[PDB]
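K.L.:
Protein chains in written order, with the entry's author numbering: chain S2, 94 to 469; chain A6, 40 to 154; chain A5, 5 to 116; chain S4, 51 to 175; chain AM, 50 to 97; chain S8, 37 to 212; chain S3, 43 to 250; chain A9, 36 to 376; chain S6, 28 to 123; chain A7, 2 to 74, 90 to 113.
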Amino acid sequence: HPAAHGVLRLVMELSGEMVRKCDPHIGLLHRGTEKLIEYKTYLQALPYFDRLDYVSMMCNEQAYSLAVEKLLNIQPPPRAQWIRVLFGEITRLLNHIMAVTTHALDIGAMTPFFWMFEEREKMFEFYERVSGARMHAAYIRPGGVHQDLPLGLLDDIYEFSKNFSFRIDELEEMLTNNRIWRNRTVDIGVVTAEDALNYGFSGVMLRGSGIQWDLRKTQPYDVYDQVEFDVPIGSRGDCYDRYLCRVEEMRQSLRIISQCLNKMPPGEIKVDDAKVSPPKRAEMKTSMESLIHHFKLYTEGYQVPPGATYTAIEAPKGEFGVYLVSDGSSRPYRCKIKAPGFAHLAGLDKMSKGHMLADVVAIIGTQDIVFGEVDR
Amino acid sequence: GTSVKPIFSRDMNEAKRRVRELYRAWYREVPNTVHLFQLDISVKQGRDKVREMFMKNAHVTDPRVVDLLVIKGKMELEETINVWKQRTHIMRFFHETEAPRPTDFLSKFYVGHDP
Amino acid sequence: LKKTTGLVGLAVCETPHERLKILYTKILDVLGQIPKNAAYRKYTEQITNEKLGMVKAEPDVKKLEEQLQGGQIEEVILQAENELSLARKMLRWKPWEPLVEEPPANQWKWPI
Amino acid sequence: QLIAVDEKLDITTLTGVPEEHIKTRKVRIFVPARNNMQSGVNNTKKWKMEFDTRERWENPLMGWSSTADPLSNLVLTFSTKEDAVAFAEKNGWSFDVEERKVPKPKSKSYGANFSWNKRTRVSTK
Amino acid sequence: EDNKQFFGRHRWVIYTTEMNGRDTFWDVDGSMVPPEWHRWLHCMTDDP
Amino acid sequence: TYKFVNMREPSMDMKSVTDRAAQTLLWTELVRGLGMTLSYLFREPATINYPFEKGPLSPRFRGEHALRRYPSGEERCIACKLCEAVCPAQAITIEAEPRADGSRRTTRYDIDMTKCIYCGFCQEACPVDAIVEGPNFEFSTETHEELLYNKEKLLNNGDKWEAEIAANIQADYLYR
Amino acid sequence: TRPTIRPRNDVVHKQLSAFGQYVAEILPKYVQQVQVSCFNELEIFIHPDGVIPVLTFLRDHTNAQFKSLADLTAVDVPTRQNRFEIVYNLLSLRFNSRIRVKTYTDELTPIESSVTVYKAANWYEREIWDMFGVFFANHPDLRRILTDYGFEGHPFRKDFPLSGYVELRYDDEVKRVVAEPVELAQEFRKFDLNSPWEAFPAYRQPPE
Amino acid sequence: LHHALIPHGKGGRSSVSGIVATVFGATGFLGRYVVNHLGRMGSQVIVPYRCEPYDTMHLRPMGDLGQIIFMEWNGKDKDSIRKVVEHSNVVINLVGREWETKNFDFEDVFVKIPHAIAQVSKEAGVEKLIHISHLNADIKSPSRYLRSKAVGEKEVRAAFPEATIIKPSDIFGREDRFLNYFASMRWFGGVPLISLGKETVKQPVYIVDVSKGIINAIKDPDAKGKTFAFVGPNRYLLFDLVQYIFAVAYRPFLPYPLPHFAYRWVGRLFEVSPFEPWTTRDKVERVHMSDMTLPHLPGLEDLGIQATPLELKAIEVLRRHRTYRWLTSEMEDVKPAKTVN
Amino acid sequence: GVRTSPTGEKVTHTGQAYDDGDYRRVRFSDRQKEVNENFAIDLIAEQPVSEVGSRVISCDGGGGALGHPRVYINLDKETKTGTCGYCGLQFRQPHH
Amino acid sequence: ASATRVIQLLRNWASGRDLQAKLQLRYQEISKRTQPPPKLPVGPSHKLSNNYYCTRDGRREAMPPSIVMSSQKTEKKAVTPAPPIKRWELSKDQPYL
Ligand SMILES: COC1=C(OC)C(=O)C(C/C=C(\C)CC/C=C(/C)CC/C=C(\C)CC/C=C(\C)CC/C=C(/C)CC/C=C(\C)CC/C=C(\C)CC/C=C(\C)CC/C=C(/C)CCC=C(C)C)=C(C)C1=O
Ligand SMILES: NC(=O)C1=CN([C@@H]2O[C@H](COP(=O)(O)OP(=O)(O)OC[C@H]3O[C@@H](n4cnc5c(N)ncnc54)[C@H](OP(=O)(O)O)[C@@H]3O)[C@@H](O)[C@H]2O)C=CC1
Ligand SMILES: CN(C)C(=N)NC(=N)N
Ligand code: SF4
Ligand code: SF4
Ligand SMILES: [Zn+2]
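1. Taking the alpha helix (DSSP H) that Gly465 (chain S2) falls in, what are its first and last residues?
2. If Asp366 (chain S2) sits next to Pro399 (chain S2), beta carbons under 8 Å apart, how far is it from one beta carbon to the other, in whole angstroms?
3. Here's a check: name, in chain order, each residue in its chain whose Cβ is nearer than 7 Å to the Cβ of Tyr64 (chain AM), leaving out the five neighbours to either side.
4. Identify the residues that DSSP records as bridge partners of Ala132 (chain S8): which are they?
5. By the criterion of Cβ-Cβ separation under 7 Å, what are the contact partners of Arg6 (chain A7) in chain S8?
6. If you measure between the beta carbons of residue 470 (chain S2) and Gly330 (chain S2), is that distance less than 7 Å?
7. Looking at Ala436 (chain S2) and ligand 4, is the gap between the Cβ and the nearest heavy atom below 6 Å?
8. Confirm the yes/no value for this check: CB of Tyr106 (chain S8), any heavy atom of ligand 6, distance under 6 Å.
9. If contacts are defined as beta-carbon pairs under 8 Å, then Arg135 (chain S8) and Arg144 (chain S8) qualify, I think. What distance do you get, rounded to the angstrom?
10. Looking at chain AM, which residues of the region 77 to 109 of chain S8 have a Cβ within less than 9 Å of any of its Cβ atoms?
11. Are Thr62 (chain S4) and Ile72 (chain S4) closer than 7 Å when you measure CB to CB?
12. Taking CB distances under 7 Å as the criterion, tell me whether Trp114 (chain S4) reaches chain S3.
13. Anything in chain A9 within Cβ reach of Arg211 (chain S3), meaning under 8 Å, just list it in chain order.
14. Excluding the five sequence neighbours on either side, which residues of its own chain have a C-beta within less than 6 Å of the C-beta of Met377 (chain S2), listed in chain order?
15. Taking 7 Å as the threshold (beta carbon to beta carbon), is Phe259 (chain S2) in contact with chain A7?
16. In chain AM, which residues lie less than 8 Å from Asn204 (chain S8) when you measure between Cβ atoms?
17. Mind the definition here: the region 90 to 108 of chain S4 touches the region 74 to 88 of chain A6 only if three or more C-beta pairs lie below 8 Å; say whether that holds.
18. For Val112 (chain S2), tell me which candidate among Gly447 (chain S2), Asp468 (chain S2), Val454 (chain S2), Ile462 (chain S2) has the shortest Cα-Cα distance.
19. If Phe40 (chain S8) sits next to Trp61 (chain AM), beta carbons under 8 Å apart, how far is it from one beta carbon to the other, in whole angstroms?
20. Under 8 Å by Cβ, that's how I've got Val125 (chain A9) and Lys163 (chain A9) pegged, so tell me the actual separation to the nearest angstrom.
21. When a residue counts only if its C-beta is closer than 6 Å to some heavy atom of ligand 1, which residues count, in chain order?
22. Please output, in chain order, the residues near ligand 5 using a CB cut-off of less than 6 Å to any non-hydrogen atom of the ligand.
23. Kindly list, in the order they appear in chain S8, the residues whose Cβ is closer than 7 Å to that of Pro37 (chain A7).
24. Per DSSP, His43 (chain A9) is paired with what?
25. Could you check if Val130 (chain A9) belongs to the surroundings of ligand 2, using beta carbon to heavy atom distance under 6 Å?
26. Anything in chain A5 within Cβ reach of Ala97 (chain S2), meaning under 7 Å, just list it in chain order.
27. Can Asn71 (chain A9) and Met97 (chain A9) be called in contact, C-beta distance under 7 Å?
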């Protein structure tokens, strides 16, 4: 189904066209990611997170890397942290573009999809230049980042950031004050703050309902405590307010990108601990200890001290968390993945009370569900 | 522990009562399953398969295990009634595409190393 | 006075002080049934009397909100209602009793 | 109050394993032998439960090693022989238990290499 | 090449009408470019 | 800090009321949307003329795999199985034995391109730069088996793309 | 300074320890153990029948307003008598904190459903049942959520094989998809990666 | 045996069954069923085809990677026949048309092609050869189809003395001719029958049973040079059979007698179609002809297969011919036809 | 230097070639066998032997960081050449 | 880009903004695909003296979690997990949209 994101079976009970109950059937994209992670090492499990929410790739990677670093009791270098924040905001722009444009496409607007996807192509070019893969970079790793930026990436990112506010303004010229868009989105899928908190919504859902909560402000990670940005807050808790919140979050991510570009520091890109992060190629090919550590890291991997952690980040779709349990070996014993879309899709039924089929389409769009992360 | 927490049904009598209730629920459903899914099997075949699936767990002597089995049976039934399943799964109950696995020692010896 | 609380589903209350006094008095009344040595009774009585003292000494709603540090006065009222319901449930549950049962010999060991 | 079940625990009907792999499988509970190529003994701390070896054949294409045994790579770790035995019994597989082999204490003396009248004297260093 | 065009259309290729033993007047492939011109066309470098 | 996205209120003065009434009766924002769409119509499209124009790429690009050689012609791979060990998808199979001259060389080196996730860990773990992920990406096949590469196919890919692979490695090896 | 070593937060460690003592004193009937990890994460191990009272307290108490149920999962440890370990991760927005509550259960012992405390517990407990076989007593709708219709066995258990027991394909004779016993063209290769040398002296266990 | 031909596994999709079979006419009804069974067993299958490669697409998912090989062949090309049978130890012959095209006739498809396949297979050293014929293959039969069948059977036995010649009666299945041909007479008003179908007795055989028998004949070591007859368990009059077909299809049944010469002229009219003809004079002759009784020849019970009665698998074929009114009617709703035993 | 088997099938550098009676040769019918015509053993034989006036030599494969890890070869046994085994390169002390 | 002035003026009128100030196509303003070679910084732990791994071993500083309360083994004020979150201040940059 075009509006079902391809892999969602939504068994609906309709009286005419009014919705009586929604029964989302998920698992059509269940792969057994957690079991496979239990069978892989820590370095071999990063692409699994890369493929969980395939619209916020470096965000998933950053969450996993934060969990592993917290368990390892190490610290990424400041340049690595700044790169992580910059690319996290770039990925937030990517995800918000995808969400808003697919929402408008499910409602009946496609030209913003095409424009913002040209912008997405440019950001994919940034991804590919920094990593070699257009979307599934596998770039952010426990201890920092894999490789340093090329010598034109910052200038190109500055050019793109400079020429993107006009794109957002053109998007807003088509939907924000349009009466048809307001009719479709206003007072649709209204969720109260208490209901959102009880159902476990996170991120844009809470902020649209009016809850002043943002993990980047309350529980900062990396260098998010050194950047300045505003947190959009909704008033009516509907699709229109959530769309406005997402657009303003795009603008604030542009702010953060500008700040990161100006404040990019020098230094190394991964923790200077060859027992955790691999050494350079020259050191490997000239130093005996470096060769031994490269061999061991790429065959057995680093051992993580026993313990369990739950680390969460403000991924573009809400609070994305990982509960990682290590038994002292080089492979994770348990890896539970908390995707924000799981609770939202669980709460889809309540938000679609007294609505119709088109309203349910709009509510799914405003929930912004990715079933890779929903099912895992 | 000596005082194991019961799921329900307490002793084995109430567990048997729940087993019989679930058996009645399944038995009255086979004609509807055949009609809706447009199965090519007979109603007698469906009832026989329900009977066989019930009988393969006849050796259970633990009330908690019986309660879990009837819970999962009710889950399977509610999957069938709501047409959540397809003809694919209902026929998966029948193993219609498997070759008849040999069971005698001589045939097992001939085919391979399987005990 | 204020138009909205900024939270969907949270209506503005025109009588914050009276409602807060009533709720805190009800909570204190419920806590009287709990045995004296129970640690839930002491802490909850302390915090309730501490917060009930503030509402009787500050007529201004904004300064009262700043003193309570519990969000807006509507959020404080909602939390008082939740505390009252929790006190009733805790009266039913009686969790001040000793431990129900010790776990097996190695239940929380890790790594294992 | 609370019921009592005076019978051995058995969850074979709930695990979902096929009857073939329930009845015709004999697991091996043991402490792994130390890898003789290394002196480290940290891999001989926990008991391991592993299944019997089944057939592996050669793929007609690409010559890979095919298999048909689901439990070929299934190895479980248990802290104690009693725990492993209880798990195997409740899961219904047959099991063979092998006792842990710990090296016997040995008397080592550096001065025995220079004995005045014993054969323990070494001819080189 | 034409640098006045925007990035992406400032380099292009006209494929041959016959390659090896195939009549390639119409059915032009994207894999017909040898590696060096492939690198230059995909802009991994500015040196032809 | 925080900001409100939708918290404004319209002025109720007569001029603003008449402006809103005119916007309601005369579809002003709809005309604005039409104007934006017309502007985009008169703009220049971003479509490239594929396959005659190819999208930009970088020296770090991960494409089809290849097995390289030293300039002398000897194979770089030393059968160390680091790529096989680190491969997340277990898409690499390696079997080796002493060669006729005693070298440590592989006899089987298979990569399943329907199982590989193109993550590039194999070229990171290679200590001799033998296995690489080249720049080619136009290698779609009509049959499944053609995507199950072996040592001969990977060596052919290396010989076919050696110049471009060497140039890319020279361009990007200082960041590794 | 040590650039490669994560700094500690004694203030947060002390606050979490004080709150753990607070909850342990308030609820002696269920709280079996309290821990604070060295990266400032509070954990409470309680008796399995105290799930509802403990969660209700941690949600409604004024000093513990853990309104949001961040996560709910289980961990399978076969070597224990009670293999399944149910984990609740809670977030308190008012006090800007997180807590963890861990209980234990086995195959045949139900765990009281916590959908009356948090609504996300509905789908979280459905997933726990589907993946581990743990039954929740008062669940409004308890059924498989992720596995295939009619799937047998609970995949996330440690004793469930990685590839399962059945695989699907389309059989032209019956004109439908069929499920047949698993058979791999290339078997998954098991690697023994653990080094035989102890890595962390601080986690050494008594030989016993 | 060669080390590559030793069976391995548990007879699944990824196992090795030691069978390398060249299946001529695999792009057909019985051909597709046989190829599916071979691939499910886990055998190497070579599919010689002359049609468009698009029409061979359904055979691809029938086997694991590299087990199905498609090689273009020409019927009158011994070079292509040798190319496709060079490396196979079993050769199955299922080539046959129910009509005669401009380039191929019943002599070509039933005598020349089977003889060429048998002779070339003998030179190539193929261990086993299965050849499909018709049960009512009579040298003096009124039907050119059956005359060519008998002559080609004799030629095949002469060329390859160690052959297994199988004689199915009337295969019925989803993509069959029999049940579909009898159920497609709705469009032409009533059902024309010769002598009202009262002088014809037929026992159709199930397609899956035929395919299983063919597979078992390969694995049976003492079926090298034999002749098997594959017939169903029940014999019906033609009138009763067509009446049961229409009853299961839930279509009104209006039969009427049509004289044999008039029916032959009607068949002559329908065979002028350049495409696949709806019916032909030979088809009318075969339909009117009664199925022979051959007690001395072995059968499905001798090969280890229990013949599936028509009353069980008739609904698989005839449910497609129903309307929305009777689509969901159950299998048991229609009484079995009156048998003649 | 590719060689042809008695069945007409080219042998790879690993000596792989199906037997005459092997059914698996049918996969190459109407298609081709992917064989690399350059043999590394032959090429490295074609490469000459270097002569350096030192007991110990160091080989990194050339190119610095583009080559293999640096190793040291002891040129003391004059009856044979010292072969760096990463790249199969032979060094020798000048005798006579 | 390359366009006539009349079409540019029509686009400016229809869109309401000077498009040539901020376009969506890249014309020679991006960095060249060929760049001078870099020389990345080495790191903090690349010293030749006073650099022992035992003094900078992050993993070995990890400790088993402290057991605050274990059942096996005045008037204290009630506490909280942390001081209550302070109220967020409205943005001075743009408080309202
Ligand atoms: C993950 O998943 C995905 C999603 O989430 C589910 C997504 O959202 C998306 C996003 C998708 C989008 C954004 C796409 C939507 C946006 C768009 C812009 C798509 C727009 C689509 C359309 C406009 C489709 C409409 C067009 C259609 C359907 C084509 C129909 C074509 C026709 C020709 C109609 C038929 C006309 C006929 C038959 C006319 C016939 C005429 C005659 C018979 C007349 C005959 C006349 C004669 C014979 C006269 C002859 C005369 C002469 C002179 C000839 C003589 C010459 C001779 C040589 C003979 C993607 C990609 C996705 O991946
Ligand atoms: N079907 C029945 O009722 C009965 C059939 N038989 C016999 O069983 C065999 C299989 O019958 P069935 O599957 O039903 O019939 P089909 O017509 O469906 O199949 C015939 C097969 O032979 C191929 N073929 C036909 N003509 C030629 C030719 N000139 N050269 C090469 N290949 C050719 C066809 O391929 P393509 O797609 O290219 O035409 C197709 O693969 C036949 O020999 C038939 O006589 C025996 C008793 C009953
Ligand atoms: C977001 N994803 C994965 C979609 N498939 N989306 C869509 N609109 N089709
Ligand atoms: S790119 Fe990754 S998945 Fe692919 S072969 Fe290399 S290591 Fe394996
Ligand atoms: S990592 Fe390199 S040298 Fe080692 S086995 Fe793989 S390709 Fe060969
Ligand atoms: Zn060398």
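Every residue, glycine too, gets a C-beta built ideally from N, C-alpha and C.
P.N.:
Reading it off the structure:
1. In the DSSP assignment, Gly465 (chain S2) falls within the alpha helix (DSSP H) that extends over 464 to 468.
2. Incorrect: roughly 19 Å between the Cβ atoms, too far for contact.
3. Excluding five sequence positions before and after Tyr64 (chain AM), the CB atoms of its chain that fall closer than 7 Å to its own CB belong to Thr73, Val77, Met81, given in chain order.
4. DSSP lists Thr142 (chain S8) as the bridge partner or partners of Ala132 (chain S8).
5. Per Cβ cutoff of 7 Å: no residues; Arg6 (chain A7) is ~12 Å from chain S8 at best.
6. The displayed coordinates of chain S2 run from 94 to 469. Any statement about residue 470 (chain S2) would go beyond what the structure contains.
7. Not under cutoff, so the answer is no.
8. Not under cutoff, so the answer is no.
9. Not a contact, Cβ separation roughly 13 Å.
10. If the cut-off is 9 Å between Cβ atoms, the region 77 to 109 of chain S8 has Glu80, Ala82, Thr83, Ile84, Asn85, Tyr86, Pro87, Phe88, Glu89, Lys90, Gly91, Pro92, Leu93, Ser94, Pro95, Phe97 near chain AM.
11. Taking 7 Å as the Cβ cut-off, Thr62 (chain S4) and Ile72 (chain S4) qualify as a contacting pair.
12. Yes, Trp114 (chain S4) lies at the interface with chain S3 (some Cβ there is under 7 Å from its Cβ).
13. Simply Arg48, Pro96.
14. Once the five neighbours on either side are set aside, the close Cβ partners of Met377 (chain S2) are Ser383, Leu384, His387.
15. Taking CB atoms only, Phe259 (chain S2) has a neighbour in chain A7 less than 7 Å away.
16. Those within 8 Å of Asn204 (chain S8) in chain AM are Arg88, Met93.
17. These segments do not touch.
18. Residue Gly447 (chain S2) is the option with its Cα nearest to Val112 (chain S2).
19. In fact, because the Cβ distance is near 50 Å, the residues do not count as touching under 8 Å.
20. In this structure, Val125 (chain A9) and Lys163 (chain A9) form a Cβ contact; the two beta carbons are roughly 5 Å apart against a cut-off of 8 Å.
21. Applying a distance threshold of 6 Å between residue Cβ atoms and the heavy atoms of ligand 1 selects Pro95 (chain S2), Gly99 (chain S2), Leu198 (chain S2), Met203 (chain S2), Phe206 (chain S2), given in chain order.
22. Cβ atoms closer than 6 Å to ligand 5 belong to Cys113 (chain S8), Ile114 (chain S8), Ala115 (chain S8), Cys116 (chain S8), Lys117 (chain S8), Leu118 (chain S8), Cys119 (chain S8), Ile130 (chain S8), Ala161 (chain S8), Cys162 (chain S8), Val164 (chain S8), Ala166 (chain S8), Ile167 (chain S8).
23. Simply none; closest approach about 10 Å.
24. The partner list for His43 (chain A9) (beta bridge, DSSP) reads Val51 (chain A9).
25. The beta carbon of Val130 (chain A9) sits closer than 6 Å to at least one heavy atom of ligand 2.
26. Result: empty, since nearest Cβ-Cβ is about 28 Å, beyond 7 Å.
27. Yes. Within cutoff.
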